[PDB]
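Notes follow once the structure below has been shown.
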2 protein chains.
Amino acid sequence: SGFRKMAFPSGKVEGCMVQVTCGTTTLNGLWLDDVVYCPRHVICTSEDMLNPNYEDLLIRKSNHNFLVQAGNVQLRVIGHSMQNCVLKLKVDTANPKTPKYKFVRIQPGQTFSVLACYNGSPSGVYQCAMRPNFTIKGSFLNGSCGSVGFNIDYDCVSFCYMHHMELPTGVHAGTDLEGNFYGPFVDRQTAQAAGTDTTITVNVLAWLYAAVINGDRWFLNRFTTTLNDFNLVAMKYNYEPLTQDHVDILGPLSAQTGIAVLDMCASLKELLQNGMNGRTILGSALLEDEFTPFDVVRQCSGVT
Amino acid sequence: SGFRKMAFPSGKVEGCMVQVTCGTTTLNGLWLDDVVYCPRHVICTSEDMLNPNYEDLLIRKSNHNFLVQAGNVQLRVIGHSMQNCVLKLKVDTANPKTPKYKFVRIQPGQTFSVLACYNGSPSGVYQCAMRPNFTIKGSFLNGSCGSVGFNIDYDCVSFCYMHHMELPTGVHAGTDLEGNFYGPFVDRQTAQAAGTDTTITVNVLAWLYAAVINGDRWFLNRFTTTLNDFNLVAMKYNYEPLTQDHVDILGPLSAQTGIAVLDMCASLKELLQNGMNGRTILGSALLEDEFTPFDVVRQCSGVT
Ligand SMILES: *[C@]1(O)C(=O)Nc2c(C(=O)OCc3cccc(C)c3)cccc21
Ligand SMILES: *[C@]1(O)C(=O)Nc2c(C(=O)OCc3cccc(C)c3)cccc21
C-alpha cells in the first residue's frame, strides 16, 4: 500500500537525449531513429525571440550550423526541416537506443512524466498533467528547452510534450512532437496570459478512490448527488465539469471500492463546501488532480 | 522556474533490476558486478514470515534454489551468502550495465529516489525521504520487495535503501545495501509500531527558500527568532530540533535570497502558529519536508 506521485522509469528516454546547438543557443534534442527533434527557437538569439520570423531565420542556416552531440560524440547532420514549432534534423546514424515509440497529442487533464535535461543530460524526472488551460506546471530552468514529456505502455514510449516556453507567470508551454503547441501559445517572448487553471475533477475523484483503497476514508460522507447538482458546485469552485464519459472511466474504481461514482462526487462536494478542516488525504491538505483514473489503477495494481 | 518533487533519472538503476525466486516466493534483486542483492526473506513462505529463523531456513537452500532472471534470460548462481537481512547471490556473469556505484547508509531527513519494481521490471520512480522515525512513506504492493532507493552524483549511483517490509500502519521499512534495517525494524510479520513521524525542519526551511526563489513570498514576515526560541515552537509542533549544522547547510540559500536563516525560521514559526489560512506555497497547502537543502540548490541551479 501507500500512494505516491510517480513518474514512469526514464531510462528509455534518457537514451534519446542529445544536446543541440545553433550558433550560441544550446538546448536539448530528442534522437529517435535517424532524426533529432528540437524546438525551432534553437536558431534564435535572445534578441530574435521578441519577434522571430522563423522561416527567414532558417534561410541563414545550413546542415553544418546545427551541432548535435550525443554523450561526448558529434552526430553528422545530413538534412533539416521545420515542422510547425520543431526542427527535425536528419542525422547519418540511427540512435542505437531508439525504443518503440509513438507521438501522441494528449488531452487536458492527462498526465505524463517529464525528463528535465540540461545540455542533453538528464537531471531529473517528475510527473505533470496538461492543465485545462493547456499549460503545465513544470520545473524548467534556462537550458531545459527540448526536454520531453512521455507515457510508457510496457515497452513503447508515447512522447506527448516538448518544452519550449515559460510564460511571464512562471507556468510552462510547449508542443506535441509534431511541433504544434498545446493551447494558444506561440514561441515568441510576448504577452501570453493563461486562462483559468481549473481543477481536473475526474482526476480528483480518481485520487479520492486511491485514498479509500489506501485507508484514508474520513471524508466519505452519507450523501449522494447527480451530475447536474455536482456540476453546479464544481463550476462555483473552478472545477472542470464532470461528464458521463468521466463517470464511465471511474467505473473500475467504483467497482473495486464499492463506492458509486456519484457518492464520491457528493463526498467531493462536501470537501469543497466545508474544506479539509486541517485534515489531510494521502498526505495532502489540498485535493490532488494530477493522477488520472488509469494512473490510480496502474499504481494500485502494479503495472510494469 | 517552477519547483517540482523530482526523482533522479532511473536508467542506471533500471539496468540492474532482476527477478529473484526461491521456491514459490518471488521478489526483486539488484545486480551489481557479479552479485545479486535481495531481501533474505525471499527464502520464506508467508507462513515462515510470522517467526522466521533465517539461518535454519537457509540450510535447506542451495545455489540452484535461487532463480535469478535478468530480462528473459536466466543467470547462473555460483554462490550465496547472507549479510544481515540481505542475501548476496554470486552469479557467473558480471552485469554489463553496472554503473559506478557506492553503498551508503543515509541519515533521517535525507531524500532519495525509489525505483518501484515488480518481477524485476521497473514500474515507476518517486522521491522519498528517510523519516525521523526511520520509516519511509512509499508506494509498494506485493512483489515490490527488493526495489531500491538511491541518489546520483553525476554518473555514480549511491544505493541507500532496499525495500523489505510494510508495517501494520501502512508505512514502509527496509535496509541499507549491507542488509542493516533503518531504525529498529525486523523482517518478521510482528507488532512493530513506528515512533513519532516528526517534520524535517531543515527540509521545510530549504523548501521555503525554494518558494521565495520561485516567487511565492506571501509568508515572509517582519520577524526574526533565535534557535532556542524557534526550537521551543518546533517541539510543540512535532518538528525536528534545528541545529547550527542545519543553519550552516542552509547558508547558500540564505545568501542567494538575502533572507537570514533565523528570519526564515521566524516565518516558519508564524506559519505553524497561524496556519496557511487557505493559502498555498509552491502548490501545497502543507509545509513540504521531503526536499533537502542540497535538492533545492540542485533543482534551482540545474545539476545534471
Ligand atoms: C529554451 O530554449 C531554454 O532552454 N531557455 C529559453 C529561454 C530563456 O532562457 O529565456 C531567457 C531570456 C530570453 C529572452 C529575453 C530575456 C531577457 C531572457 C527563452 C525561450 C526559450 C528557451
Ligand atoms: C516482500 O517480499 C513482497 O514483495 N511482499 C511481501 C509481503 C507480502 O506480500 O505480505 C502479504 C502477507 C504476508 C504474510 C502473511 C499474510 C497474511 C500476508 C510480506 C513481507 C515481505 C514482502
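Here chain B follows Swiss-Prot for its numbers: 3264-3567, in order, are the residues you see.
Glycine is no exception: its Cβ is also placed from the backbone N, Cα and C atoms.
Sequence annotations record features per position, and here Swiss-Prot assigns ubiquitin cross-link to B:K3268 (among others) based on experimental evidence. Look at B:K3268 (ubiquitin cross-link): DSSP puts it in coil. Cβ neighbours of B:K3268 (ubiquitin cross-link) (same chain, under 8 Å, six or more residues apart in sequence): B:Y3389, B:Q3390, B:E3551, B:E3553, B:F3554.
Sequence annotations record features per position, and here Swiss-Prot assigns active site, for 3CL-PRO activity to B:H3304. In the three-state DSSP scheme, B:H3304 (active site, for 3CL-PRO activity) falls into the helix class.
Per Swiss-Prot, the feature ubiquitin cross-link maps to B:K3353 (among others). Neighbour list (B:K3353 (ubiquitin cross-link), Cβ cut-off 8 Å, at least 6 residues apart, same chain): B:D3297, B:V3298, B:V3299, B:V3340, B:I3341, B:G3342, B:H3343, B:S3344.
What Swiss-Prot records for B:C3408 is active site, nucleophile. A coil conformation is recorded for B:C3408 (active site, nucleophile) in the three-state DSSP classification, outside any helix or strand. Long-range C-beta contacts of B:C3408 (active site, nucleophile), restricted to its own chain and to partners at least six residues apart, with a cutoff below 8 Å, comprise B:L3290, B:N3291, B:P3302, B:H3304, B:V3305, B:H3426, B:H3427.
A 10 Å cutoff on Cβ-Cβ distances gives B:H3304 (active site, for 3CL-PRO activity) a total of 25 other Cβ atoms nearby, all chains included. In this structure, B:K3353 (ubiquitin cross-link) is part of a beta strand by DSSP. By a Cβ separation below 8 angstroms, chain A lies close to these of the recorded positions B:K3268, B:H3304, B:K3353: B:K3268. Checking the recorded positions B:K3268, B:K3353, B:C3408 for a CB within less than 6 Å of any atom of ligand 2 leaves B:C3408, listed in sequence order.
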